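S.K.: Mind folding the following:
(chains A, B, C and D, ligands or ions: 3)
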Amino acid sequence: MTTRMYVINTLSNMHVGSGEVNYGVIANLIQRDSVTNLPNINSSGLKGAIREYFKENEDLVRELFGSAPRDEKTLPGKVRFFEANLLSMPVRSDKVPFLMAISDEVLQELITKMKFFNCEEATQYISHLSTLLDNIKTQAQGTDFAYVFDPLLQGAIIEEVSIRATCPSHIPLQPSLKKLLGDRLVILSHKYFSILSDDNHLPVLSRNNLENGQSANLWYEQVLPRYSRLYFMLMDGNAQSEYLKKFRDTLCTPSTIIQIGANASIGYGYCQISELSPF
Amino acid sequence: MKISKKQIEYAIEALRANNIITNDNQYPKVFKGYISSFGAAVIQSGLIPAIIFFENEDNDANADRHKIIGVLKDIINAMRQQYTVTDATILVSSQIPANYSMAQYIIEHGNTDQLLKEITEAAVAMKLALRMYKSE
Amino acid sequence: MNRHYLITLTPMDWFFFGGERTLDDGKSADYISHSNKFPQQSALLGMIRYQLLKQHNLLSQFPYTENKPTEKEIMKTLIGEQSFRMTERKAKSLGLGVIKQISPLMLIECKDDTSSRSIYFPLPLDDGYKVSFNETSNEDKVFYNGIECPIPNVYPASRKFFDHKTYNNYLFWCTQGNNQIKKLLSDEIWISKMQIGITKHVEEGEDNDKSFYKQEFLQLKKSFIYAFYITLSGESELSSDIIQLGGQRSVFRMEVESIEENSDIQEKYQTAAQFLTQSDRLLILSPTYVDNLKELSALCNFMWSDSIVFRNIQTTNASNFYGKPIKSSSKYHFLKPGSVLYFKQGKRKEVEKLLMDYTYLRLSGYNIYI
Amino acid sequence: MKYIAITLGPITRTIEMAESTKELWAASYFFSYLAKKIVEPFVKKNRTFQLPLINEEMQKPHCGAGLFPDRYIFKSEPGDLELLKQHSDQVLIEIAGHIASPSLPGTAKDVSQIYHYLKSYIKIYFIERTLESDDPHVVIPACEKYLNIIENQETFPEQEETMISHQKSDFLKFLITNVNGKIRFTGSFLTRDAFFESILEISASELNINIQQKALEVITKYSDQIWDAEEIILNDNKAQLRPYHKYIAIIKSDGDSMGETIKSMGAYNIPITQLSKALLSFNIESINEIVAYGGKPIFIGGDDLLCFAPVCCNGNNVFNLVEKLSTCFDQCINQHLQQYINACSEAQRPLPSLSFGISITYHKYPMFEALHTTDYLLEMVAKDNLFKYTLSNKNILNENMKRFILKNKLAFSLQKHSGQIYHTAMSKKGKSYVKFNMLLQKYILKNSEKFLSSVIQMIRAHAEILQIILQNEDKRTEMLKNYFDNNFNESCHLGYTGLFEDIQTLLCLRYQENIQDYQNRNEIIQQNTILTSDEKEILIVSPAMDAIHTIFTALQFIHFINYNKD
Ligand SMILES: Nc1ncnc2c1ncn2[C@@H]1O[C@H](COP(=O)(O)OP(=O)(O)OP(=O)(O)O)[C@@H](O)[C@H]1O
Ligand SMILES: C[S@@+](CC[C@H](N)C(=O)[O-])C[C@H]1O[C@@H](n2cnc3c(N)ncnc32)[C@H](O)[C@@H]1O
Ligand SMILES: [Mn+2]
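M.R.: Residues are numbered from 1 along each chain as shown, chains lettered A, B, ... in the order given. Ligands and ions are numbered 1, 2, ... in the order given. Here you go:
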């Protein structure tokens, strides 16, 4: 009722514009965290996307997100959105189409942020995540690692950095951890995860503008690969129970799709928000 | 396939080593065509047939076409060096012996996926590095 | 008898403190906002008042509801009448109920274990510079836009003179060490972020005329927290909760620690600052206001000082709280933490008396020196 | 005997409390006006002056920049300090009366309280000092030493009342905002002592079209409406409007090691009056040639220069303007400091020069950010203040590193309407600068050497290969020619052999100058034992990649000037 974790689970390729000056080839770049240089979505972007989804519900938007711009009533929003951090990203493999890549440092940051925010039903999650991390560190013994949790997925190749994923047959992965971190999950060092999510490895697309067969303009766009998983913390202030319940149920309904990103008409940034479950 | 500067330096050293670039920075003009055609031969015929064709020394070629295979082996060996050795790494950092011909090595060691990638990148580096010299 | 609490603020995200230029003023370039490193002490007061009525469940919720004549004096005995009105600076009491004393905001480094809290202070403007004032020979005076002043001589205290191309004491922060000063750069303590913000404006006929702004957000480093001391009477148990400290929904974790009631917080702050004292100086620890700086200049041989700007949001108990906020009638110019006043022979008690005559400011956490 | 020294005004703070072209002009010329009427008494009555050459036509308005720096030390007579003080508050009083002249769009005007604010804000400091010696080259350092530390006092304007109606306590805001006035323009005392607005009129001053007149006719508070009017007037002037007609160039320059030059002249018994002569002649010629080019002089006639110039007028670049400014400064230095020139340059010494900072942005993207970008380019890039500042923060500095400080550099950035920055820096000493200028003169079309646009992307994509070629010392020129011939080896490329060889020679010269300036510096920075890796990485400049980037940015500037959206 105070702090709930939400997972984004993008269905398409996301482009959230950083709006910063460019030194390089890609004219349009995606947002990244200043400290970790990991892809992220600003709280303003999340609030805007969810507000646009709920725009037809005037009362719900007014109660949760607040007054519209250039409206004279000046109503603050009862809901505080926190920055969305990249949890899991798809990674090209050979045994399977892609792999769910979660780095040990992102797991540590998730545990730290769960402890800091005291997320709802996060005690068991923190305990089990810490057991997973401790077992991973025990197996790794300070060396770089790539750990899968399916016996079928052992020996998978991460193409970009050329590392083989081994299966630690002594570490358990609880079902709720599969539901959170993703299916076909590989755990690797942050050294490899940084390479897998830098500006040279995540997709770059060329885009054109044609005028009776004449190319008027040329530029390049970079996007976040689809099926990527991002987590953000929602602080539900002491608000109306009915509007909070309606908003939570609509967000968690599998029929909902939220567009966070730029290129809406060409299907960029459509996502499915899910809140943390028990365990 | 972005330009890899380290592979370009490897290609420069290997081109000088396998007596392609003369003391004056010039090379036989036909080698340009050799490097350009090796990649197409690898792609549309197979790695082993292309290597066998370019490794042959009984050829009616205007120059020593087999020198490019030696340069390829030198670039590949240089890439095997400076490989981050760890338990998880797929890449085999084992150097190709000089007595073994390149065709035999891929025949005896049947993991072509690494060899194919290395040979393709080494050929690209070859073609890009040959342009620093005069095309006599 | 009074009860004293130590309140520590931990930032849960990027924060922002507004300066004189805000994103929607009537001035020219109202799309770039820059963030002050510290909140105003009036923001601390509003924080405490808001949380106090939050615990007692006394707010304004939506229409401009009026309060019956029991909530009125319960808010009187809770917070008082007004915000931090700088008009009543010469009032020998805090104009606020329950709350009696608020220390200047402190930069605290919490590293690991219980250990200790490293209070961080701005560098005095003469860190390794020895000032050698008038060798009294009747010659070579200065006119500081005014009356006589005896020719400061600044040497590198380690000869040459003061070279201003290598002067950087205003970019440094300092803390207690094992008999030497530990110097931390300002950019290591804080991280700056510039945000691009828009209104997507999709609809059909809206005028795309103001749909672009630039916001500056600051982030404290991981092992760094804000803290201050409070004094509360008629004990209202200030509980730990999630707070707001101003600026685009800034969220902080309030931890309330109880200290011994037989302790005034002022000399606790001055004990923290004791490691920066020199007999010939007056180190300005918190922003200092004087109605006439000419008098202060006349009572010193040097003012190695800087200017800071103050503008407060003025709101009463029966205020809208949901409309345009009536900001302070006057922008006030305070000195900067780290400024030093080099008094003449004697007259130290006189400048102390001049500084301490503002009791509202001193109680609020302003005009604190060592 | 003793001397009297003067410092005037918190100039940077007054500039910051201002945002307009009128604003930037008005603050600087207000400080120049204060200087003029504070030193009018000590110069009208003859006093041997040695800091400026305050004679000739400085008091005469040339075009309006302000030729008066705030560094004044006269000779002294018995009883001039009281003279100075009473005329100081007297000139403050006349300024308070001048603002109290109802020639502006004012509402209510006070005199005494405006004077109180002005006294509490404007910092006018006098230094009296018994310098027991007769030599200027020793007098100036000894008094500047004290005025620098004196400048650390702060003057407080305690409290302002700036919301509504007629009671606000700040008045510099109106003295600085509503210069000129109502529409036919009116004038303020700034304008009377002086004898141009928006951002676009001096970006397209080539079409021989008077946007001010038509905009005034259309409009007939002010700045926004006329800004929009100028915008849409040169919008429907689309017929001959090139993409460089909507880009604004801000030029900022400062003198390099002026105090060091003074100290070097002191060794050779050379008066500072010659330096004053050279600086004043350079400033006059700078104003003349800046208005001749088609730009606008804004800031000063001291050792700085802030100019607002169009990118290209009458086939003349902003880079042509910078080259002419550098040549004018060098000519004045040589002409007046000829003695110092042939006395200290034979054995070895660098002569005084000026570093340049240029920012080219859209006419939109407000000029406050562009001005700060220009300040950064001049300070921390052109003058190598990143190196010095970073080392001084960690208390390394020391004489070994200080001898590696580089000056006489030009830094420029181009932010196209999108967010792509083209930023490089190059030395104005040596042949690389002249080759750069000749290349820009060559391949920029007039209103007929041809330009190839695909070489630009070759430079970017093949940057690593070009780095290898440049680092190969023995056969660098041969390898560069072979690379540029093997690439671009098609029939269409035979017409661009002049471009290729020009690029090769400029790149080789840039690399040679880069290695000479930076190699030992980078080596010693790498060995430093307290520098963090972040600081080492932002301080270590790769000699070859910087030259490649300079050539790339020069080529992209040529293409940006040449190509029209047709
Ligand atoms: N007319 C003049 N004659 C001689 N010197 C002058 C004159 N006008 C100004 N100066 C000198 O200009 C100096 C100010 O220069 P400034 O501080 O901008 O640059 P700098 O410190 O020499 O250069 P840099 O930052 O490149 O090291 C003053 O020290 C003053 O002595
Ligand atoms: C006077 S010293 C620096 C002192 C600095 N102006 C101050 O007020 O403390 C030289 C510098 O002052 C600035 N300056 C001097 N006279 C100026 C004027 N009239 N207008 C604007 N800037 C000026 C220029 O930046 C120049 O490089
Ligand atoms: Mn200067």
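
S.K.: Quick check: residue D:291 touching residue D:62?
M.R.: No: using Cβ atoms under 8 Å, residue D:291 is not in contact with residue D:62, being 9.2 Å away. Every C-beta, even on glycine, is put in place using the N, C-alpha and C of the backbone.

S.K.: who's more crowded, those two?
M.R.: A count of neighbours by other Cβ atoms under 10 Å in any protein chain shown puts residue D:62 above the other of residue D:291 and residue D:62, at 17 against 14.

S.K.: neighbours of the residue lying closest to that one once chain neighbours are set aside, just the number please.
M.R.: Computed as Cβ to Cβ, 6 or more residues apart in numbering or on different chains, the closest residue to residue D:62 that is not its neighbour in sequence is residue D:287, at 5.5 Å. Residues contacting residue D:287 under the criterion other Cβ under 10 Å number 19.

S.K.: In a helix, residue D:287, correct?
M.R.: Yes: Residue D:287 forms part of a helix when assessed by DSSP: H, G, I helix; E, B strand; the rest coil.

S.K.: where's it relative to residue D:293, distance?
M.R.: In this view, residue D:287 and residue D:293 are 11 Å apart by Cβ to Cβ, to the nearest Å.

S.K.: For the stretch 151-300 of chain C, what lies in contact range of chain A?
M.R.: C:191, C:193-197, C:199-200, C:202, C:210, C:219, C:242, C:249, C:251, C:253 (Cβ under 8 Å from any Cβ of the partner chain).

S.K.: Of the residues you listed, keep whichever come out buried.
M.R.: C:193, C:195-197, C:219, C:242, C:249, C:251, C:253 (16 or more other Cβ atoms under 10 Å in any protein chain shown).

S.K.: tell me the contacts of residue C:320?
M.R.: residue C:64 (Cβ atoms under 8 Å, 6 or more residues apart in numbering or on different chains).

S.K.: circling back: and the buried ones among the residues of the stretch 151-300 of chain C next to chain A as a markdown table, adding secondary structure?
M.R.: Below are those laid out as a markdown table (three-state DSSP):
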| residue | secondary structure |
| --- | --- |
| C:193 | strand |
| C:195 | strand |
| C:196 | strand |
| C:197 | strand |
| C:219 | strand |
| C:242 | strand |
| C:249 | coil |
| C:251 | strand |
| C:253 | strand |
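
S.K.: which one among these gets closest to chain D?
M.R.: residue C:196 (10.0 Å; Cβ to the nearest Cβ).

S.K.: sec struct for the closest residue in space to that closest one that isn't next to it in sequence, please.
M.R.: Among residues not flanking residue C:196 along the chain, residue A:19 sits closest, at 3.2 Å (Cβ to Cβ, 6+ apart). Secondary structure, three-state DSSP: residue A:19 is coil.

S.K.: Near residue A:19, how many other residues are there?
M.R.: 16.

S.K.: Equivalent analysis for residue D:70, please.
M.R.: 20.

S.K.: again with residue C:151
M.R.: Residue C:151 has 21 nearby residues by other Cβ under 10 Å.

S.K.: Tell me the spacing between it and chain D.
M.R.: Distance of residue C:151 to chain D, given as Cβ to the nearest Cβ, to the nearest Å: 7 Å.

S.K.: how close does that residue get to chain B?
M.R.: 61 Å.

S.K.: surely that residue meets residue C:132?
M.R.: No: Residue C:151 is not in contact with residue C:132 according to Cβ under 8 Å; the separation is 9.5 Å.

S.K.: check contacts around residue C:344.
M.R.: Applying Cβ under 8 Å, 6+ apart, the residues contacting residue C:344 are C:150, C:299-301.

S.K.: Swap in 6 Å and give it another go.
M.R.: residue C:301 (Cβ atoms under 6 Å, 6 or more residues apart in numbering or on different chains).

S.K.: Can I take it that it is in a strand?
M.R.: No: judged by three-state DSSP, residue C:344 forms no part of a strand; its state is coil.

S.K.: Would you mind measuring from it to ligand 2?
M.R.: 25 Å (Cβ to the nearest ligand atom, to the nearest Å).

S.K.: cool, and residue D:450?
M.R.: Separation of residue D:450 from ligand 2 (Cβ to the nearest ligand atom): 43 Å.

S.K.: how far does stretch A:169-176 stretch from start to finish?
M.R.: Terminal residues of stretch A:169-176 lie 19 Å apart, using Cα to Cα, to the nearest Å.

S.K.: Look up the closest residue to the residue in chain C that ligand 2 sits nearest to, ignoring the ones flanking it.
M.R.: Evaluated by Cβ to the nearest ligand atom, chain C has residue C:164 as its residue closest to ligand 2, separated by 8.5 Å. Nearest residue to residue C:164 in three dimensions, chain neighbours excluded: residue D:148, at 4.9 Å (Cβ to Cβ, 6+ apart).

S.K.: Would you agree the one you found falls within a helix?
M.R.: Yes: looking at residue D:148 with three-state DSSP, it is inside a helix.
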